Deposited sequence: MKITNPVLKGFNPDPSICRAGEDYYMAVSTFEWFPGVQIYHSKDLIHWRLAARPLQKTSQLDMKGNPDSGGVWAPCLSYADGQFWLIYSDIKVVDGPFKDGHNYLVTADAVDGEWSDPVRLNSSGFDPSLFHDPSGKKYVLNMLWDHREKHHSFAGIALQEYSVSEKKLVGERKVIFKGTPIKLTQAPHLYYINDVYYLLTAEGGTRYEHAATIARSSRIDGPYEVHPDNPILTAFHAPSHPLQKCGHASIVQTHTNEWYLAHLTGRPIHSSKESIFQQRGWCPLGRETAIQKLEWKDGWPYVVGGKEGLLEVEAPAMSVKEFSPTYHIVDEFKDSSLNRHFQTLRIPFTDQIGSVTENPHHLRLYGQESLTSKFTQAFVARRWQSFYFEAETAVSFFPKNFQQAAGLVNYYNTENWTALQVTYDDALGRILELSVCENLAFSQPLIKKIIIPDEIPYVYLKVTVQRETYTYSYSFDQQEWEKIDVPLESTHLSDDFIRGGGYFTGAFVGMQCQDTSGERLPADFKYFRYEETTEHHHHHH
């Protein structure tokens, strides 16, 4: 068969691919969304199933208060010595001269097993990677962040030995590579192939100038000579290409002795090589390319920009059963694996799937602008065309209580259709819009909800560059809210600030900024792509 890119749809950046026998695994970054890291599994490189989200405890990942697009940046998943190794970061500062953030290591015998508590590695820069040297030694690579005024912040690739027995980095750290003229060198990954060390890096930054670079040396600490046709991957020069932002790659040699490269990519809604390259409401997604070797150097098959259709390896086609319900009626004892919360775990602080059977109950907490405790359960936008739908029982008694359907990028960028209370009108349906923290409520006439309506049905219809909300009081006749919203406003390319690394989500939310923790009961959640 063939591989159709992207193989991971919607917000799934920074792919780290690894092999264990005939099983393939890919870890992707999750930023402020909890639980942390997503790990997918494949047996053919075509089809991938969401298999685990390892960082489930605050003892592993504590992100209350983390800035937007802080938290878990690029992870590294490897398999060696009969166990899985996961290297990850928790970034606490994403703007200004510093980038305060810590790198950790956890392990497990299976990706869906219990993962260990973390070992502190270092804090000296993001994109940490663990290299299992053929000698048996272990090394941690990461980019080096340089805060100093007269130095480029992307200071090169650092290497330091990791001692398994001491559970710490040991000895001296070395900068083994300063990068090519594209600069912004990061995402380091070492490979030892036919007695040669290959250093793979990302360069150019994760916007439309993104690229993958490779270099090689006979010693682990260099010096490294760069690929003669570098970069091996980039879509910068091809603004019409369906895959953009191609970079941050990792390499796997399959058990069939074939060579593939996983990388992140974005699929924009377009608007010219140097400006107006589009908007990516689905964020950064993951693609896989085939590699071909010539004279000890790898080349992406088909050219530097990547291909939508890639020759699949010589493996058995293996598709997995879907891992979410088109209509989740909340019959399971825990939330389906495609739902995430912001920053904190799903506990009785914010909600319950057992208090009211067959409902998700959310106790109203802080607003959508809060980096702390939000009663908000959401899942990724993973198509340009879908409807999402919910039914909510909510009886607010003051104007500080609201619950309903949300489409969300970060604390400053979201829209919400919520049942709330107005002292003069009673229970009402209100549309709130937050655009880089500029707040508007654009319905001139509020929508009035009769007291006798037990459930308010809420729907969002996403149709590429626009989406629109609708509602119903009986689920048969649907009223459309004639305010068309721009999908591009929920995109990496629109929002302000240093962190622009996630993607659009849709979910169920309740807020009560009066203090009463008033519950909202959601009967089902439908997510139906086209």
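Student: Let me make sure I understand the coverage. Which parts of the deposited sequence, in order from the N-terminal end, have no C-alpha coordinates here?
Tutor: According to the record, the gaps fall at 272 to 274, 534 to 541.
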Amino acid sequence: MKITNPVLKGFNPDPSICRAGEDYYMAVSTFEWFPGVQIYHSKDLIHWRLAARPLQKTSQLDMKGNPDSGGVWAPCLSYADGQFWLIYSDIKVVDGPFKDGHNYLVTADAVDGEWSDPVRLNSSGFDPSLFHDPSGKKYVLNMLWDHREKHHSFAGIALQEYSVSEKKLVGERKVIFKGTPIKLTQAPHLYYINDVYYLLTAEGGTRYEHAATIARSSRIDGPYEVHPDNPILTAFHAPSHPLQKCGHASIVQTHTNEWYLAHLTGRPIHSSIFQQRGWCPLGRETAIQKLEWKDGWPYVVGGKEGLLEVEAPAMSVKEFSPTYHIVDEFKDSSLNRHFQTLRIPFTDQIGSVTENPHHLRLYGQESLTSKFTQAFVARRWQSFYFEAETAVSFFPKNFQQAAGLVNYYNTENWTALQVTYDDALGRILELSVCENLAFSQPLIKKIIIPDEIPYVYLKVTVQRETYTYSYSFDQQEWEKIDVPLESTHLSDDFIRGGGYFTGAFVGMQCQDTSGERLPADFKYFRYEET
From here on, numbers count along this sequence of modelled residues.
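Student: If you average the Cα B factors in the entry, which is higher, 358 to 366 or 411 to 419?
Tutor: Mean B over CA atoms: larger for 358 to 366.
Student: Looking at the entry, does 75 to 83 or 305 to 313 show the higher mean C-alpha B-factor?
Tutor: Of 305 to 313 and 75 to 83, the stretch with the higher C-alpha B-factor average is 305 to 313.
Student: Using the entry's values, work out which of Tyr192, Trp293, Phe399, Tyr139 has the largest Cα B factor.
Tutor: Of the options given, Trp293 has the highest CA B-factor in the PDB entry.
Student: Out of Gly503, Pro54, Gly65, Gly499, whose C-alpha atom has the biggest B factor in the entry?
Tutor: Comparing C-alpha B-factors across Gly503, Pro54, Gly65, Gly499, the top value belongs to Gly499.
Student: In terms of the CA temperature factor given in the entry, to which third of its chain does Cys18 belong: lowest, middle or highest?
Tutor: It belongs to the middle third of the chain when residues are ordered by C-alpha B-factor.
Student: How does the C-alpha B factor of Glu430 compare with the rest of the chain: lowest, middle or highest third?
Tutor: Middle third, going by the recorded CA B-factors of the chain.
Student: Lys445: which third of its chain by C-alpha temperature factor?
Tutor: For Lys445, whose C-alpha B-factor we compare with every modelled residue in the chain, the answer is the highest third.
Student: Mind checking which third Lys168 falls in for C-alpha B-factor across the chain?
Tutor: Lowest third.
Student: Please place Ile453 in the lowest, middle or highest third of its chain by C-alpha B factor as given in the entry.
Tutor: Answer is highest: the recorded C-alpha B-factor places it there.
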